[PDB]
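Let me begin by presenting the structure, written as structure tokens, before commenting on it.
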Amino acid sequence: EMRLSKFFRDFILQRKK
């Protein structure tokens with residue numbers, strides 16, 4: 001199943017934080 005991916009990478013991609 002999936003849940004966190006679009007949003008996860010939507011931010012994870014950002015090193016900061």
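If you're wondering about the labels, chains in the structure tokens are A, B, ... by order shown, residues count from 1 in each chain, ligands from 1 in order shown.
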For the structure I just gave you, how does DSSP split chain A - specifically, which residues are helix (DSSP H, G or I)? Reply as a PyMOL selection string. chain A and resi 6-12
